[PDB]
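Participant: My questions will all concern the structure given below.
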Amino acid sequence: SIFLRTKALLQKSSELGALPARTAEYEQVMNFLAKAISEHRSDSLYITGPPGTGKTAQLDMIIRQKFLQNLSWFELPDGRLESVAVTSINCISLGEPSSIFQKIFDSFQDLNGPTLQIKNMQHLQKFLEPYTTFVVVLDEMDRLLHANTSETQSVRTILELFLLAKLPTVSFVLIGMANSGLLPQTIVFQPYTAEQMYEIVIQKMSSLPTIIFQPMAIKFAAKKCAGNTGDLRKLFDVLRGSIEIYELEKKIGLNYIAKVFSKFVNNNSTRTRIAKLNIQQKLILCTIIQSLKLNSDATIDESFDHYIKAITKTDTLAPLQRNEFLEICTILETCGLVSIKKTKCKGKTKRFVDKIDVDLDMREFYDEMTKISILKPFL
Amino acid sequence: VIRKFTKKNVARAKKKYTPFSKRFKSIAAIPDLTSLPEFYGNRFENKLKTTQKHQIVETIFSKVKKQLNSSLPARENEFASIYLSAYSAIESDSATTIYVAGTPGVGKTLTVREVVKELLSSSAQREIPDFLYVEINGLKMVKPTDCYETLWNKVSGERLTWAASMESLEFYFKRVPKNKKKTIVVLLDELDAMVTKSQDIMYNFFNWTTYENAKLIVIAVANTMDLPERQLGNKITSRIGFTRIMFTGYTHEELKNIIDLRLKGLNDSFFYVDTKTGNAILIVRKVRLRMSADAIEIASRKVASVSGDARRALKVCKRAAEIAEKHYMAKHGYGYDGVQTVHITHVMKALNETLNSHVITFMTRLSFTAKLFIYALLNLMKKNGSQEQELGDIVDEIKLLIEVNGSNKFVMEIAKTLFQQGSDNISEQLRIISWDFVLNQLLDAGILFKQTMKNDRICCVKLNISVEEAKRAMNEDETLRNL
Ligand SMILES: Nc1ncnc2c1ncn2[C@@H]1O[C@H](COP(=O)(O)OP(=O)(O)OP(=O)(O)O)[C@@H](O)[C@H]1O
Ligand SMILES: Nc1ncnc2c1ncn2[C@@H]1O[C@H](COP(=O)(O)OP(=O)(O)OP(=O)(O)O)[C@@H](O)[C@H]1O
Ligand SMILES: [Mg+2]
Ligand SMILES: [Mg+2]
């Protein structure tokens, strides 16, 4: 089925020398290697960007195409041959950030030989001295910072690695990718545009025999998914959801993208939430928001107290009890107008208590209960 | 050697430390893990068993209560979406994340388990390849990293510590080729409970779904649709994705259908009831059982107004059946060892005890000293409006209320008891009798809040309950409302 393979291509786990819409940055990164393996100079590279911009994908693309365990060959612009050792490491999937040197050593040394125990800068620096280029690609380099400690000790491991990829008599070239005179070179990966997203999609589905999307649908999906600070993962889920929505009802039209963008956005719509309420529930909602206006940190009991005094000032709609007041508050929380949380007081008696809060816009509230036009003074 | 302290109750598991990346010499040295006798799942039940020496009398309402227990008529579109995503990702050997969120009791776990059951049935028919189903509940973990210990133990059969398990799972999902693998479907239930400060577990579980060789289906069940936006980073929100499946609370018609589906074979049916004991047999008197459609409708409308929670609707119906069965067993005197109807009265009484408040009737049944305390506290809130009153001011105002209404009959009989405990040999006391007792009683009840202070006079006291229900309980009393 064409639908199954098209759905397979638009997953977040699908791969594809240069990626589409990234080739210049590719050349920039390749230019780094075009010096580093050439002159046997240790150097360090920093890569930033918002998520889904193709950093990990382009680096894995480079490693899979154009490259003692994990030894291979690389060609320079003149391109004779060069022995390189290339690995990739995700820093979050390690136990502690201090063990990464050892991890690099367990990524390089042959298993038949003596497995040494490694702590820090010095043992790795002594190990790479008799050698062959070592390419390390470190995904998420920022979680190498210690979230505790201070500014002096959080940047211990990263500064140690930057110093160990900068000094002579080693051949250590370091690529690090984080999310957005020996300081690293920086390429900022940029968020994709609609045309770039379009070209990526047709390049990915060029392996398919037919295209079961209208091109206007892909262009509309790309222009809605790009915006500012866009991620290609969002475009992939939009197209995949379009396929799933299409085959749950039966080429994919322009309308199915809009059906996706109506199914998976909440569409808050405070007026239609309010229109589903009763007149009593609207009265309790008005007293609650008035209590939050004049007390600004109010528990449920003080809100009920204000409701009792405010509707005995009116002497219509005879009052109810505290537990059913909490019940209508639960109805209001189910509708999506009221949030009840459990917090601490700021008084002399600091204890836990249930606090009430709102997440609704004031203009729609005031308009929709001035359209009621009978029970005024609670607004 | 002489220790500075001792740790004499250390209980350490038999968990190894070496990760899976050092289990074979090369990537090519890894065998086909499906043809391994410990991978992918290739004793306490009898201790809670005994011999029964009697014959339990199951009355006619016992089958109704048994069928109303928590142990898919309203979830078609959610079932179809989850099943289609999982079927597509399993049959094409890809990795994906499905996100499900909703309020309690809206059928999230039941729908996901039904989807997994149907996928296992389809994999037993050789229509999709085999997969391993793992269920990780974040509220059933002692430590949040134990999920790393659980999942890897479900995959390999080994028992490692959590960091080695995490490296093992990373190496497995990233480096092991798809021809040597089986697909894994992981249900991450109570997803908010596995959220930690560093969010490494969430990143790892949702980042393994982005690897090309992973063959991993992560179904994450949450409580809010905005959990990645509120609590998680941008990196994990990007990996979870834009498509999210919302489980709305049930409307009253679907709750009505759920309750009728639990009672399809019992409602409007006849039983042979033995009048000697009470034991009823489903097809000696022939008794028809009936539960009203109006009763089920009003319970379903109430529950759909509150939450749309199927647990609450089933529990309300079970409570109504329990109330009716208690009245029936009381009127016949049966024990435990022509038409029986569970009516809308029992349903309303089940709905009322959950909505009844005991705070007012607790305060109306207190002693005179506790009521006098609450009355003086409310008097001080009326005098100065501070909402926190010092205990010494309460002492002085109780003394003032005693000496001002001194000509009252009840007060002039109560004063000797309050200040001397009815004894001439006892000196006049600065606190009333049972002052500490009623203070601590109102603190344990949660009616009162007291600050942590060591000077008894300037220590402040606050109402924790609402003021008007305290005033209602005070006006219920005969003596206090007359002075
Ligand atoms: N130019 C591209 N061509 C093809 N696929 C791409 C391209 N850019 C990204 N992708 C796809 O987008 C997904 C995510 O890309 P990648 O992992 O490189 O993102 P990232 O920038 O590293 O994000 P994050 O900060 O979230 O890690 C993958 O499925 C990858 O194949
Ligand atoms: N559609 C349904 N049909 C029949 N019974 C249902 C249905 N939905 C829920 N129930 C009943 O309600 C129970 C609660 O459902 P479930 O465990 O799936 O809830 P949940 O959404 O996971 O809730 P929680 O967030 O509290 O875990 C089920 O075990 C079942 O007894
Ligand atoms: Mg990345
Ligand atoms: Mg559940």
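In the structure tokens, chains take the letters A, B, ... in the order shown, each chain's residues start at 1, and ligands count up from 1 in the order shown.
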Contacts from chain A to chain B, 7 Å maximum, only C-alpha atoms: show me the residue list as a list in words.
Facilitator: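 The answer, sorted by residue number, is residues 4, 8, 12, 13, 14, 15, 51, 92, 93, 94, 95, 111, 233, 234, 237, 264, 301, 302, 305, 323, 324, 327, 330, 331, 334, 348 and 349 of chain A.
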Participant: Output C-alpha atoms of each residue in that selection to a file, as an mmCIF file, in the first residue's frame.
Facilitator:
```
data_model
loop_
_atom_site.group_PDB
_atom_site.id
_atom_site.type_symbol
_atom_site.label_atom_id
_atom_site.label_comp_id
_atom_site.auth_asym_id
_atom_site.auth_seq_id
_atom_site.Cartn_x
_atom_site.Cartn_y
_atom_site.Cartn_z
ATOM 1 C CA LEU A 4 1.621 2.693 4.585
ATOM 2 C CA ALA A 8 6.414 5.379 7.142
ATOM 3 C CA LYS A 12 10.119 11.255 13.307
ATOM 4 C CA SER A 13 12.302 8.110 13.140
ATOM 5 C CA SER A 14 12.900 7.995 9.366
ATOM 6 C CA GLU A 15 16.260 8.843 7.795
ATOM 7 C CA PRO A 51 14.583 21.693 17.619
ATOM 8 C CA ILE A 92 21.746 12.674 28.319
ATOM 9 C CA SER A 93 21.827 8.884 27.951
ATOM 10 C CA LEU A 94 24.960 8.652 30.153
ATOM 11 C CA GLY A 95 24.900 8.030 33.895
ATOM 12 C CA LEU A 111 37.821 -5.178 23.037
ATOM 13 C CA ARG A 233 8.744 17.205 13.113
ATOM 14 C CA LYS A 234 5.519 19.242 13.353
ATOM 15 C CA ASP A 237 2.993 14.827 12.216
ATOM 16 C CA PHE A 264 -5.505 18.810 17.296
ATOM 17 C CA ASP A 301 -14.331 29.019 51.588
ATOM 18 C CA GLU A 302 -13.827 32.782 51.244
ATOM 19 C CA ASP A 305 -18.543 33.385 51.795
ATOM 20 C CA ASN A 323 -20.543 21.346 49.306
ATOM 21 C CA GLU A 324 -22.818 21.997 46.339
ATOM 22 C CA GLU A 327 -19.812 20.828 43.170
ATOM 23 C CA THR A 330 -16.133 21.171 39.902
ATOM 24 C CA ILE A 331 -18.592 21.610 37.003
ATOM 25 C CA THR A 334 -14.822 20.340 33.983
ATOM 26 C CA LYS A 348 0.964 33.715 60.104
ATOM 27 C CA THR A 349 -0.801 30.354 59.910
#
```
Participant: Can I get the residues close to ligand 4 as an MDAnalysis selection string, where close means within 8 Å and we count only C-alpha atoms and all ligand atoms?
Facilitator: chainID B and resid 104:105 107:110 189:190 221
Participant: Would you save the residues from that selection as a compact mmCIF listing (two decimals), in the first residue's frame, using N, CA and C atoms?
Facilitator:
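Just written: again26.txt:
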```
# COMPACT_ATOMS: atom_id res chain seq x y z
N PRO B 104 -9.56 11.70 35.15
CA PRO B 104 -9.69 10.32 35.65
C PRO B 104 -10.98 9.63 35.22
N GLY B 105 -10.86 8.34 34.92
CA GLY B 105 -11.99 7.48 34.69
C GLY B 105 -12.70 7.64 33.37
N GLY B 107 -11.74 6.19 30.56
CA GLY B 107 -11.46 5.06 29.69
C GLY B 107 -10.16 5.12 28.92
N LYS B 108 -9.13 5.77 29.46
CA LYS B 108 -7.86 5.87 28.75
C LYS B 108 -7.12 4.53 28.75
N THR B 109 -6.86 4.00 29.95
CA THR B 109 -6.11 2.75 30.11
C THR B 109 -6.87 1.57 29.51
N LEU B 110 -8.20 1.56 29.65
CA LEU B 110 -9.03 0.50 29.08
C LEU B 110 -8.97 0.49 27.56
N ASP B 189 1.98 4.78 31.48
CA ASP B 189 0.82 5.27 32.21
C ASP B 189 1.26 6.10 33.41
N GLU B 190 0.41 7.08 33.76
CA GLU B 190 0.71 8.14 34.73
C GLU B 190 2.03 8.83 34.38
N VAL B 221 0.18 7.95 28.34
CA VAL B 221 -1.11 8.36 28.87
C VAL B 221 -0.88 9.42 29.93
```
Participant: Name the residues, by chain letter and number, that sit within 9 Å of ligand 1 using only C-alpha atoms and all ligand atoms, and give them as a ChimeraX atom specification.
Facilitator: /A:9-16,18-23,48-60,139-140,177-180,189,192,196-197,199-201,203-204,231-233,236 /B:207,210-212,234-239
Participant: Give me the residues within 10 Å of residue 13 (chain B) as a list in words, counting only C-alpha atoms and dropping any in the same chain fewer than 5 places off.
Facilitator: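 Near residue 13 (chain B), the qualifying residues are residues 159, 160 and 161 of chain B.
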Participant: Select the residues contacting ligand 2 at a distance of at most 10 Å, based on only C-alpha atoms and all ligand atoms, then format the selection as a PyMOL selection string.
Facilitator: chain B and resi 67-76+100-114+137+189-190+221-224+247-250+254-255+257-262+308-315
Participant: For residue 254 (chain A), please output as a ChimeraX atom specification all residues within 9 Å (counting only C-alpha atoms; exclusion window: fewer than 5 positions along the same chain).
Facilitator: /A:213-218,220-221
Participant: Region 161-173 of chain A: which residues within 7 Å, counting only C-alpha atoms, same-chain residues fewer than 5 positions away excluded, as a list in words?
Facilitator: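 My list of contacting residues is residues 36, 40, 41, 42, 43, 44, 121, 128, 129, 133, 134, 135, 136 and 182 of chain A.
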Participant: Next, dump the selected residues to file, keeping only C-alpha atoms, as a PDB file, in the first residue's frame.
Facilitator:
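And here's out_3.pdb as it stands now:
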```pdb
ATOM      1  CA  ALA A  36      40.868  18.898  10.683  1.00  0.00           C
ATOM      2  CA  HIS A  40      46.029  16.634  11.906  1.00  0.00           C
ATOM      3  CA  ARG A  41      45.010  19.659  13.980  1.00  0.00           C
ATOM      4  CA  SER A  42      42.755  19.233  16.991  1.00  0.00           C
ATOM      5  CA  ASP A  43      39.792  21.613  16.771  1.00  0.00           C
ATOM      6  CA  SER A  44      36.351  22.035  18.318  1.00  0.00           C
ATOM      7  CA  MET A 121      41.432  14.944  30.941  1.00  0.00           C
ATOM      8  CA  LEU A 128      45.477   9.532  22.188  1.00  0.00           C
ATOM      9  CA  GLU A 129      49.153  10.611  22.157  1.00  0.00           C
ATOM     10  CA  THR A 133      41.823  11.047  13.583  1.00  0.00           C
ATOM     11  CA  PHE A 134      39.176  10.781  16.312  1.00  0.00           C
ATOM     12  CA  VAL A 135      35.826  12.307  15.352  1.00  0.00           C
ATOM     13  CA  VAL A 136      33.433  12.664  18.284  1.00  0.00           C
ATOM     14  CA  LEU A 182      40.260  28.834  21.563  1.00  0.00           C
TER      15      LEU A 182
END
```
Participant: Using only C-alpha atoms, which residue out of A:311, A:86, A:2, A:298 lies closest to residue 345 (chain A)?
Facilitator: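 Of A:311, A:86, A:2, A:298, the one nearest residue 345 (chain A) is A:298, counting only C-alpha atoms.
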Participant: For a quick check of understanding, using only C-alpha atoms, which of B:226, B:353, B:146, B:253 has the smallest distance to residue 266 (chain A)?
Facilitator: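 Going through B:226, B:353, B:146, B:253 one by one, the smallest distance to residue 266 (chain A) is for B:226.
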Participant: If you count only C-alpha atoms, which residues fall within 8 Å of region 289-299 of chain B, apart from same-chain ones fewer than 3 positions away, as JSON, numbers by chain?
Facilitator: {"B": [60, 252, 253, 256, 259, 266, 267, 268, 269, 270, 271, 302, 303, 313, 316, 317, 339, 340, 341, 342, 343, 344, 347, 348, 351]}
Participant: Filtering to C-alpha atoms, could you give me those residues as an mmCIF file, in the first residue's frame?
Facilitator:
```
data_model
loop_
_atom_site.group_PDB
_atom_site.id
_atom_site.type_symbol
_atom_site.label_atom_id
_atom_site.label_comp_id
_atom_site.auth_asym_id
_atom_site.auth_seq_id
_atom_site.Cartn_x
_atom_site.Cartn_y
_atom_site.Cartn_z
ATOM 1 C CA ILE B 60 -30.619 -10.928 44.420
ATOM 2 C CA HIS B 252 -24.893 11.219 30.086
ATOM 3 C CA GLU B 253 -26.118 9.033 27.209
ATOM 4 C CA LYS B 256 -26.373 5.372 30.410
ATOM 5 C CA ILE B 259 -24.491 1.082 32.920
ATOM 6 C CA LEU B 266 -29.526 -8.868 34.811
ATOM 7 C CA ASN B 267 -32.066 -6.069 34.305
ATOM 8 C CA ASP B 268 -35.739 -7.083 33.832
ATOM 9 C CA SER B 269 -34.826 -10.718 34.510
ATOM 10 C CA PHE B 270 -36.201 -13.367 36.845
ATOM 11 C CA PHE B 271 -34.495 -15.075 39.770
ATOM 12 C CA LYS B 302 -25.374 14.079 37.611
ATOM 13 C CA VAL B 303 -22.071 12.281 36.950
ATOM 14 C CA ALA B 313 -21.376 6.365 37.699
ATOM 15 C CA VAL B 316 -23.207 5.504 42.410
ATOM 16 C CA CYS B 317 -25.251 2.639 40.927
ATOM 17 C CA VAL B 339 -40.523 -7.486 42.075
ATOM 18 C CA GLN B 340 -37.276 -6.195 43.584
ATOM 19 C CA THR B 341 -36.533 -2.699 42.299
ATOM 20 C CA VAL B 342 -33.613 -0.399 43.018
ATOM 21 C CA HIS B 343 -35.406 2.930 42.815
ATOM 22 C CA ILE B 344 -34.589 6.595 42.202
ATOM 23 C CA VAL B 347 -29.995 6.676 43.679
ATOM 24 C CA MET B 348 -30.750 10.092 45.203
ATOM 25 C CA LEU B 351 -25.966 11.010 45.337
#
```
